[PDB]
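Novice: This is the structure I have questions about; it appears just below.
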Amino acid sequence: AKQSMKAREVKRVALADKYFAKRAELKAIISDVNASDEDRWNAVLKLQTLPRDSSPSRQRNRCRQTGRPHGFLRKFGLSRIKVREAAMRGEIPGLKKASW
Amino acid sequence: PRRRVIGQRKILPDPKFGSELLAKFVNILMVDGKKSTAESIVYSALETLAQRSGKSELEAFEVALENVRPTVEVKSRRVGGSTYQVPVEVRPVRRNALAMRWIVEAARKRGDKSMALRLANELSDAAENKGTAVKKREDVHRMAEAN
Amino acid sequence: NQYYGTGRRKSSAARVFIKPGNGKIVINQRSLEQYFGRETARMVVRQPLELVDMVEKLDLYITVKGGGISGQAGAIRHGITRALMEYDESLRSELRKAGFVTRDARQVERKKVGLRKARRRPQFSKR
Amino acid sequence: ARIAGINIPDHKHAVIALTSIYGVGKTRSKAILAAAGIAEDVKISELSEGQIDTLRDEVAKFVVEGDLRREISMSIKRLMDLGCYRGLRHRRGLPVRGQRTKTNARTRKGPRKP
Amino acid sequence: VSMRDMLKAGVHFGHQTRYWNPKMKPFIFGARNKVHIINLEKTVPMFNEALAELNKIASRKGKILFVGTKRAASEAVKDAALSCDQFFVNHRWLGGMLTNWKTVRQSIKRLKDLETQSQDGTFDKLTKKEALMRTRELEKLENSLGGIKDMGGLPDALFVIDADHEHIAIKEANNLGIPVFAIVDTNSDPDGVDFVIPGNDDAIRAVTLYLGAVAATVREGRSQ
Amino acid sequence: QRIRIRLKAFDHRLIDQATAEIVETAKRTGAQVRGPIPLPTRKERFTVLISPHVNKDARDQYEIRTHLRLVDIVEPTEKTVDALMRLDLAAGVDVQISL
Amino acid sequence: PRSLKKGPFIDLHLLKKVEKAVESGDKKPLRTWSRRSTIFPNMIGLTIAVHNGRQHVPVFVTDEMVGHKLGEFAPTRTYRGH
Amino acid sequence: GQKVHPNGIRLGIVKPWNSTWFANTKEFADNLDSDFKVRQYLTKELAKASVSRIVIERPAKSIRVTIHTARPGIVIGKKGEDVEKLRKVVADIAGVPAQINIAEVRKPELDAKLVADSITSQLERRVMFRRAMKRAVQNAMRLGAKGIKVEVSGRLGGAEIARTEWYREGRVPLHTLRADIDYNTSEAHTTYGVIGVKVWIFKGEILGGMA
RNA sequence: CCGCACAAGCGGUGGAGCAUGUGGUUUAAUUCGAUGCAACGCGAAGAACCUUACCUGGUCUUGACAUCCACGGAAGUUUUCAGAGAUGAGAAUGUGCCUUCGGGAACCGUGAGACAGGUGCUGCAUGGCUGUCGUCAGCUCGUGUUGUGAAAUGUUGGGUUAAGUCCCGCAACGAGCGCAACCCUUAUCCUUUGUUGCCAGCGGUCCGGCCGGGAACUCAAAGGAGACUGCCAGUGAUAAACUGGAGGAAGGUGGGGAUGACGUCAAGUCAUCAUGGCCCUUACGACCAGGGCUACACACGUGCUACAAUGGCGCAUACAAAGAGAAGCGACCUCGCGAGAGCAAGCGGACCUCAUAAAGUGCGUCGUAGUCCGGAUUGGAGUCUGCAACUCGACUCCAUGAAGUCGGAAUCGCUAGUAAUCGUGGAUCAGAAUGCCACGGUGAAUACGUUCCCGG
Ligand SMILES: [Mg+2]
Ligand SMILES: [Mg+2]
Ligand SMILES: [Mg+2]
Ligand SMILES: [Mg+2]
Ligand SMILES: [Mg+2]
Ligand SMILES: [Mg+2]
Ligand SMILES: [Mg+2]
Ligand SMILES: [Mg+2]
Ligand SMILES: [Mg+2]
Ligand SMILES: [Mg+2]
Ligand SMILES: [Mg+2]
Ligand SMILES: [Mg+2]
Ligand SMILES: [Mg+2]
Ligand SMILES: [Mg+2]
Ligand SMILES: [Mg+2]
Ligand SMILES: [Mg+2]
Ligand SMILES: [Mg+2]
Ligand SMILES: [Mg+2]
Ligand SMILES: [Mg+2]
Ligand SMILES: [Mg+2]
Ligand SMILES: [Mg+2]
Ligand SMILES: [Mg+2]
Ligand SMILES: [Mg+2]
Ligand SMILES: [Mg+2]
Ligand SMILES: [Mg+2]
Ligand SMILES: [Mg+2]
Ligand SMILES: [Mg+2]
Ligand SMILES: [Mg+2]
Ligand SMILES: [Mg+2]
Ligand SMILES: [Mg+2]
Ligand SMILES: [Mg+2]
Ligand SMILES: [Mg+2]
Ligand SMILES: [Mg+2]
Ligand SMILES: [Mg+2]
Ligand SMILES: [Mg+2]
Ligand SMILES: [Mg+2]
Ligand SMILES: [Mg+2]
Ligand SMILES: [Mg+2]
Ligand SMILES: [Mg+2]
Ligand SMILES: [Mg+2]
Ligand SMILES: [Mg+2]
Ligand SMILES: [Mg+2]
Ligand SMILES: [Mg+2]
Ligand SMILES: [Mg+2]
Ligand SMILES: [Mg+2]
Ligand SMILES: [Mg+2]
Ligand SMILES: [Mg+2]
Ligand SMILES: [Mg+2]
Ligand SMILES: [Mg+2]
Ligand SMILES: [Mg+2]
Ligand SMILES: [Mg+2]
Ligand SMILES: [Mg+2]
Ligand SMILES: [Zn+2]
């Protein structure tokens with residue numbers, strides 16, 4: 001897709017990478033029963049102030065090859081089109097035409 | 001079967017009586033592959049048939065069959081430029097099949113607060129020539145001569 | 001002595017051990033009619049043994065894995081057939097013509113792409 | 001019988017009979033029955049007045065019939081007066097829980113009009 | 001071959017007077033029972049003079065093609081060719097055998113490849129069905145080119161039985177200039193045969209006489 | 001005590017050669033090797049739309065079959081463990097040693 | 001509903017703006033894009049201009065509105081029939 | 001109709017893969033992604049070395065690429081200075097100790113990648129596509145192949161409409177799986193667009209499976 | 001002369017509710033593409049934000065993304081205020097590495113131009129990829145012969161086959177691409193290896209293959225064997241083949257895949273990508289928040305659940321296969337009516353977890369009714385994912401209990417483990433399946449035939 005899209009995905013990944021511990025501990029506080037319910041409150045307030053793109057769920061798996069948002073295969077990290085080209089050429093090890 | 005017509009799976013006989021015609025009957029009554037449900041109703045109906053209508057349940061089977069099994073039907077074929085209602089006489093297997101179909105459909109058209117009672121009463125009326133299956137043998141013999 | 005046979009149906013497998021001496025049948029540490037709730041299954045497992053007429057002459061210790069009640073019953077029948085064949089060669093000639101050494105190869109056919117089942121095709125619309 | 005719900009449950013099993021009260025389903029029916037120590041399969045016939053009075057005493061423990069209808073109507077009417085989204089979809093007779101209106105909203109829209 | 005030697009075999013026999021060809025009048029003795037009778041007075045010297053040419057060709061290392069497609073006489077002609085180390089056609093004459101020899105060369109190569117391959121191996125590598133199919137192809141190729149697998153090039157002389165039946169072969173030969181030696185019944189057209197032998201072509205006895213005499217003279221021509 | 005070694009690969013020729021080499025190195029060093037025991041292969045399927053646009057019925061089905069072998073040595077000596085430690089195998093095979 | 005263990009959710013900038021307004025007397029309708037904030041009981045008697053996608057429509061909060069989200073009072077789809 | 005890729009369908013039967021490492025789902029994606037980056041880099045640098053193929057293996061720790069080209073001198077140069085720079089850039093492009101390797105293809109007229117690349121390079125010169133593919137077929141056949149087929153497509157000779165056309169000679173059984181059919185494509189970026197060339201080369205049937 | 005094309009059958013669709021796609025209209029925008037078969041659960045293997053391309057508003061101008069140039073700084077880290085956020089304004093800390101000591105790398109910011117950028121237009125400029133006729137049986141060439149020649153023959157005919165399959169005839173013989181086979185899988189057997197799989201004979205048991213042990217058997221997965229009209233009889237030019245029979249686990253290409261010739265449709269895709277030309281280049285590029293893609297008088301297509309006693313409900317209880325798992329699958333135990341929660345073992349997995357299959361079967365109940373059928377809709381109260389469930393999530397509980405009583409004309413699928421029914425799993429995926437792709441369980445009916453319908 002457009003280069004700006006790949007750039008957005010790179011920025012989202014890099015950003016969610018550096019705030020992981022902060023998000024994890026804030027979530028731990030919020031979900032923790034036995035929190036003083038003042039701690040949980042300022043915890044949720046503090047959590048919603050982090051950069052929105054620091055959320056792992058904001059990311060969208062795109063083809064490492066072309067950046068295509070749909071038809072993704074987590075195993076290969078490529079869209080459905082590029083995996084076929086790579087497989088017919090013999091780049092994906094062990095992959096072959098299945099028939100049973 | 002444009003090249004060669006192929007025959008039918010010779011089905012395996014009834015486990016309770018070793019007869020193959022009751023096997024075809026339970027296959028006809030079966031719905032959605034529920035064979036156990038089917039054979040349960042068939043055995044229940046033949047048992048009470050052996051009581052409310054004299055003995056010989058396996059014989060009362062054909063007592064109803066020969067009472068419903070048709071001889072002539074119509075096979076509309078356009079050998080003259082238009083579908084002509086020409087009558088044709090059947091082999092034994094054709095009339096067997098039509099008999100069992102007509103039995104089961106009439107049984108399903110009864111209610112009788114059970115399918116066991118449905119099939120039982122319908123097969124009794126068929127054996128002694130009462131009901132609707134016998135009537136649809138009457139009509140298949142009637143329209144076979146109408147043209 | 002001991003006589004076994006391996007029977008198979010669509011997806012079941014049955015090990016059958018024949019021991020002369022009685023007419024008991026044990027399936028997976030259970031009795032026949034207490035293992036199989038359907039009557040046609042009991043009939044089909046007694047099928048070969050009653051054909052060769054030697055029912056109360058030899059008891060059966062049989063295990064079975066996989067498949068459903070009908071597949072398990074058919075696999076048991078095939079195993080009993082092969083076990084009897086080992087016990088007496090003469091029985092095999094009648095067993096074959098009864099259709100017991102058939103080992104039917106029929107099995108569930110795979111689901112194909114673009115169809116809803118093995119052969120059921122989606123409901124096309126002309127108009 | 002003349003249960004708290006002024007309607008008359010039929011002469012079927014006690015649970016299926018009590019389900020006829022508006023606001024009493026099968027779960028709450030068997031809850032009523034078990035709490036009154038009355039059996040499950042018994043019908044409202046052969047049920048003594050001493051037992052029907054316990055049934056009434058225990059069904060009065062809930063909010064049923066007109067009182068429940070008034071509360072549901074008040075909640076919808078109040079919800080309509082707020083001017084909230086579901087209030088508008090109630091006023092416009094369109095599905096409020098976010099279903100398709102592009103097609104088959106027939107339970108809310110009624111039969112078809114060309 | 002002496003006139004008496006032919007006559008006992010029945011060389012004088014011919015086709016019906018209903019079925020004859022116009023150019024054969026000089027070679028016809030007459031008619032009996034509506035049957036054409038061939039004249040041995042012409043037959044014997046012409047056959048001898050043809051044997052002279054065949055001996056000459058074989059004595060200059062000639063390759064000889066015996067030709068006959070009669071279902072009765074196929075094996076006779078094949079054995080006749082084998083008795084003198086020569087080449088033969090004993091089944092349907094393939095149009096283009098001489099004119100299109102090059103395509104036959106590919107067929108001869110395929111026949112050689114199949115027979116060599118089975119001895120060499122690779123049949124085990126093939127599935128049993130595939131190996132059996134290859135054997136069937138080899139058998140079909142042998143039934144088609146058993147006689148001419150070792151001919152190597154175009155033959156130097158042709159011997160033809162019932163020249164009318166094998167007319168394509170003689171047309172090819174004339175187109176190539178290859179000489180034609182042929183037993184010519186009364187119903188045949190003798191224009192295509194440069195050394196023409198008028199005689200019966202069906203009777204097994206006379207056919208075998210022709211073949212045996214030719215083969216004896218061919219071995220004689222080879223021996224020197 | 002035991003040393004249990006698992007080998008995963010994508011083709012069975014290579015992994016069988018690897019097992020043979022492993023067991024022969026273990027035989028040189030006087031060990032007792034349970035001959036390679038075949039464990040169930042894992043077929044990963046992937047169905048993928050071949051057409052770039054419009055056609056969803058036209059697909060293609062691929063499969064990675066992970067072949068897996070288990071070798072086990074029960075009487076190991078130092079000259080056993082070091083031998084398979086000085087052992088380099090084909091690139092396609094993954095070895096996993098456990099004690 | 002989100003959950004009771006977490007308690008209701010309000011966007012922090014609405015918290016700040018609302019306490020500013022309630023502490024400093026009446027204001028003009030405060031402008032907000034936070035359709036996802038929960039209406040709180042201190043947030044009563046105020047008027048809030050919630051953006052419906054294209055324009056901040058003013059909603060005058062009342063007591064029985066507490067608990068609902070602001071976006072429930074700013075319809076985002078214009079429709080009048082066919 | 002559309003034909004199946006004549007190399008993918010023979011994978012495992014007669015054709016080997018071009019990447020033979022093993023990985024798990026954890027490191028499977030990024031592994032072949034670094035693999036792809038390696039391939040593209042090598043094909044960019046060796047654009048004049050007539051590189052036919054680039055195989056990658058990954059042993060325990062390192063990675064090892066093998067370059068099949070017909071110009072081993074060009075990738076070797078002098079005492080392997082160029083291949084050493086290649087080793088450096090490959091090792092840093094994969095984050096792993098590299099090991100480059102070369103294996104000369106001896107008949108550059110019998111491998112589908114090189115004949116297709118030659119055809120495309122000729123089509124850059126605006127040579128007649130007809131005689132280009134005809135020379136390709138003639139050379140490949142004369143060198144000893146059993147069959148060959150070439151197919152060019154798309155605005156041939158600067159024309160205004162796309163005229164796909166092909167030329168084959170010999171024997172190319174595309175439905176036989178034994179057949180070792182070397183297939184490869186190439187693109188030629190002309191002034192009038194892209195001209196796609198496909199090449200199939202049949203070099204006899206293989207008997208006895210993969211080995 | 002062929003094909004589920006009809007016929008013979010079985011189950012549907014068309015009627016009802018809901019799911020989903022399209023058209024239409026509406027809208028601020030309802031992003032763009034796909035349009036007879038061969039578009040319409042299609043691209044999309046999964047739109048709350050993100051995605052996202054669309055809209056409203058707020059914003060940037062060598063730029064979000066790349067190379068080069070100077071100038072200044074280590075890079076980072078943490079924290080405050082204003083803002084809806086983009087962003088601005090700062091305040092703290094650190095000021096590092098290699099060095100041939102000059103700097104250099106590493107990045108960061110500012111500046112200037114080359115340029116970046118475009119899911120902008122044209123699939124009638126293209127590559128690549130795909131559909132379709134159609135897995136239909138065809139399409140050709142060489143050489144030969146015939147004709148002055150364009151050409152024809154081969155490839156027509158008689159038989160036969162799933163087949164241009166094969167035989168016979170025949171101036172043709174041959175071949176090539178197709179067909180068939182080689183490949184995968186399934187059905188039988190044998191060999192080798194036997195843990196995490198197995199338990200026949202053994203002893204021991206807490207009765208659990210659990211434990212000594214055993215390598216037999218089921219399995220696992222690598223090698224091989226096996227089916228060829230090979231055998232028999234009969235038809236047929238004796239041939240090809242066809243009909244039956246034997247043996248055999250399997251019989252006549254055993255079943256099912258994959259495999260799609262020459263070409264047709266200026267078929268589809270410039271929005272995967274690549275790409276000629278053109279168009280924008282403080283904007284048709286870039287960033288952000290909110291909204292939309294989910295609208296609804298309607299129309300069509302594809303599905304789901306139903307209308308019930310072959311069934312509903314309650315209790316009891318039996319038999320699978322194939323899969324997935326490390327920001328993962330998550331047992332046992334306690335808590336909750338439940339969705340779930342707490343604690344936390346094991347498992348990169350024939351070991352552990354998802355995960356108890358459902359139909360079935362036994363027993364009881366309901367008695368043909370808008371019902372103990374059906375579950376739509378709506379009110380109330382929750383759980384979980386997630387910055388965030390208003391628009392617009394899934395699920396749970398309590399209550400509510402529409403239409404619907406088997407569907408007009410018309411029309412669809414299917415020839416055997418098939419149809420029909422019953423559950424299970426996977427991909428995508430934080431969450432979000434009635435779709436798709438797979439998996440097993442139960443398991444039919446009918447085929448006189450080729451007159452017609454469609455297509456070839
Ligand atoms: Mg781009
Ligand atoms: Mg996502
Ligand atoms: Mg309820
Ligand atoms: Mg929805
Ligand atoms: Mg697994
Ligand atoms: Mg149809
Ligand atoms: Mg029909
Ligand atoms: Mg409908
Ligand atoms: Mg659209
Ligand atoms: Mg579909
Ligand atoms: Mg979709
Ligand atoms: Mg703007
Ligand atoms: Mg702020
Ligand atoms: Mg600047
Ligand atoms: Mg540009
Ligand atoms: Mg086009
Ligand atoms: Mg075919
Ligand atoms: Mg013909
Ligand atoms: Mg052919
Ligand atoms: Mg012919
Ligand atoms: Mg085995
Ligand atoms: Mg042990
Ligand atoms: Mg063994
Ligand atoms: Mg095998
Ligand atoms: Mg037999
Ligand atoms: Mg037979
Ligand atoms: Mg075969
Ligand atoms: Mg087959
Ligand atoms: Mg094929
Ligand atoms: Mg294809
Ligand atoms: Mg077009
Ligand atoms: Mg189209
Ligand atoms: Mg813009
Ligand atoms: Mg946005
Ligand atoms: Mg949509
Ligand atoms: Mg109900
Ligand atoms: Mg139960
Ligand atoms: Mg999953
Ligand atoms: Mg509990
Ligand atoms: Mg839990
Ligand atoms: Mg599950
Ligand atoms: Mg149920
Ligand atoms: Mg039940
Ligand atoms: Mg009701
Ligand atoms: Mg009604
Ligand atoms: Mg009713
Ligand atoms: Mg068919
Ligand atoms: Mg299903
Ligand atoms: Mg998900
Ligand atoms: Mg499911
Ligand atoms: Mg199924
Ligand atoms: Mg027609
Ligand atoms: Zn003659």
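FYI, nothing fancy with the structure tokens labels: chains A, B, ... in order, residues from 1 per chain, ligands from 1 as they appear.
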Could you give me the residues within 8 Å of ligand 47, counting only C-alpha atoms (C1' of nucleotides) and all ligand atoms, as a list in words?
Specialist: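 Result of the 8 Å neighbour search around ligand 47: residues 3, 4 and 415 of chain I.
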Novice: To check your reading of the model: which residues sit at most 9 Å from ligand 26 when counting only C-alpha atoms (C1' of nucleotides) and all ligand atoms? Write the answer as a PDB file with N, CA and C atoms (P, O5', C5', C4', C3', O3' and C1' of nucleotides), in the first residue's frame.
Specialist:
```pdb
ATOM      1  P     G I 244     -21.715 -57.820 -16.664  1.00  0.00           P
ATOM      2  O5'   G I 244     -21.268 -59.330 -16.445  1.00  0.00           O
ATOM      3  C5'   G I 244     -22.050 -60.196 -15.641  1.00  0.00           C
ATOM      4  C4'   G I 244     -21.717 -61.647 -15.880  1.00  0.00           C
ATOM      5  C3'   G I 244     -20.820 -62.309 -14.857  1.00  0.00           C
ATOM      6  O3'   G I 244     -21.481 -62.635 -13.651  1.00  0.00           O
ATOM      7  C1'   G I 244     -20.118 -62.922 -17.012  1.00  0.00           C
ATOM      8  P     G I 245     -20.677 -62.557 -12.267  1.00  0.00           P
ATOM      9  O5'   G I 245     -19.654 -63.769 -12.350  1.00  0.00           O
ATOM     10  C5'   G I 245     -20.132 -65.100 -12.424  1.00  0.00           C
ATOM     11  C4'   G I 245     -19.011 -66.091 -12.588  1.00  0.00           C
ATOM     12  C3'   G I 245     -17.909 -66.039 -11.550  1.00  0.00           C
ATOM     13  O3'   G I 245     -18.269 -66.621 -10.312  1.00  0.00           O
ATOM     14  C1'   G I 245     -16.951 -66.222 -13.685  1.00  0.00           C
ATOM     15  P     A I 246     -17.597 -66.088  -8.957  1.00  0.00           P
ATOM     16  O5'   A I 246     -16.145 -66.733  -8.980  1.00  0.00           O
ATOM     17  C5'   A I 246     -15.990 -68.142  -8.992  1.00  0.00           C
ATOM     18  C4'   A I 246     -14.583 -68.546  -9.339  1.00  0.00           C
ATOM     19  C3'   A I 246     -13.499 -68.089  -8.382  1.00  0.00           C
ATOM     20  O3'   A I 246     -13.408 -68.897  -7.224  1.00  0.00           O
ATOM     21  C1'   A I 246     -12.819 -67.670 -10.598  1.00  0.00           C
ATOM     22  P     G I 251     -13.512 -55.237  -6.377  1.00  0.00           P
ATOM     23  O5'   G I 251     -12.517 -55.223  -7.613  1.00  0.00           O
ATOM     24  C5'   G I 251     -12.175 -54.003  -8.255  1.00  0.00           C
ATOM     25  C4'   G I 251     -12.245 -54.129  -9.753  1.00  0.00           C
ATOM     26  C3'   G I 251     -13.483 -54.841 -10.285  1.00  0.00           C
ATOM     27  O3'   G I 251     -13.794 -54.323 -11.575  1.00  0.00           O
ATOM     28  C1'   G I 251     -11.569 -56.007 -10.962  1.00  0.00           C
ATOM     29  P     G I 252     -14.601 -52.949 -11.755  1.00  0.00           P
ATOM     30  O5'   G I 252     -14.038 -52.364 -13.123  1.00  0.00           O
ATOM     31  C5'   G I 252     -12.895 -51.518 -13.141  1.00  0.00           C
ATOM     32  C4'   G I 252     -11.999 -51.796 -14.324  1.00  0.00           C
ATOM     33  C3'   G I 252     -12.684 -51.798 -15.685  1.00  0.00           C
ATOM     34  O3'   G I 252     -11.750 -51.368 -16.672  1.00  0.00           O
ATOM     35  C1'   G I 252     -11.755 -53.924 -15.274  1.00  0.00           C
TER      36        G I 252
END
```
Novice: Do you know which residues are within 9 Å of ligand 3 using only C-alpha atoms (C1' of nucleotides) and all ligand atoms? Can you write them as an MDAnalysis selection string?
Specialist: (chainID D and resid 25:27) or (chainID I and resid 397:400)
Novice: Distance table requested - chain I against ligand 48, cut-off 12 Å, only C-alpha atoms (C1' of nucleotides) and all ligand atoms: one row per qualifying residue with the closest atom pair and its distance in Å to one decimal, ordered by chain and rising residue number, as JSON lines.
Specialist:
```
{"residue": "I:304", "atom": "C1'", "partner": "ligand 48", "partner_atom_place_in_ligand_line": "1 (Mg)", "distance": 11.1}
{"residue": "I:358", "atom": "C1'", "partner": "ligand 48", "partner_atom_place_in_ligand_line": "1 (Mg)", "distance": 11.3}
{"residue": "I:421", "atom": "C1'", "partner": "ligand 48", "partner_atom_place_in_ligand_line": "1 (Mg)", "distance": 9.5}
{"residue": "I:422", "atom": "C1'", "partner": "ligand 48", "partner_atom_place_in_ligand_line": "1 (Mg)", "distance": 8.0}
{"residue": "I:423", "atom": "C1'", "partner": "ligand 48", "partner_atom_place_in_ligand_line": "1 (Mg)", "distance": 7.6}
{"residue": "I:424", "atom": "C1'", "partner": "ligand 48", "partner_atom_place_in_ligand_line": "1 (Mg)", "distance": 9.3}
{"residue": "I:425", "atom": "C1'", "partner": "ligand 48", "partner_atom_place_in_ligand_line": "1 (Mg)", "distance": 11.6}
{"residue": "I:434", "atom": "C1'", "partner": "ligand 48", "partner_atom_place_in_ligand_line": "1 (Mg)", "distance": 10.2}
{"residue": "I:435", "atom": "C1'", "partner": "ligand 48", "partner_atom_place_in_ligand_line": "1 (Mg)", "distance": 11.9}
{"residue": "I:438", "atom": "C1'", "partner": "ligand 48", "partner_atom_place_in_ligand_line": "1 (Mg)", "distance": 11.3}
{"residue": "I:439", "atom": "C1'", "partner": "ligand 48", "partner_atom_place_in_ligand_line": "1 (Mg)", "distance": 10.5}
{"residue": "I:440", "atom": "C1'", "partner": "ligand 48", "partner_atom_place_in_ligand_line": "1 (Mg)", "distance": 11.5}
```
Novice: Calculated over only C-alpha atoms (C1' of nucleotides), which of the candidates I:72, I:24, I:323, I:255 has the smallest distance to chain D?
Specialist: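 Result for the nearest residue to chain D: I:24.
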Novice: Please return as number ranges by chain the residues found within 7 Å of ligand 13, counting only C-alpha atoms (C1' of nucleotides) and all ligand atoms.
Specialist: G: 13; I: 82-83
Novice: Distance limit 12 Å, reference ligand 6, atoms considered: only C-alpha atoms (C1' of nucleotides) and all ligand atoms. Which residues make the cut? Give them as a VMD selection string.
Specialist: (chain C and resid 120 to 126) or (chain I and resid 3 to 6 411 to 414 453 to 455)
Novice: For chain A, work out the contacting residues on chain F at 12 Å, counting only C-alpha atoms, and write them as a count of residues only.
Specialist: 31
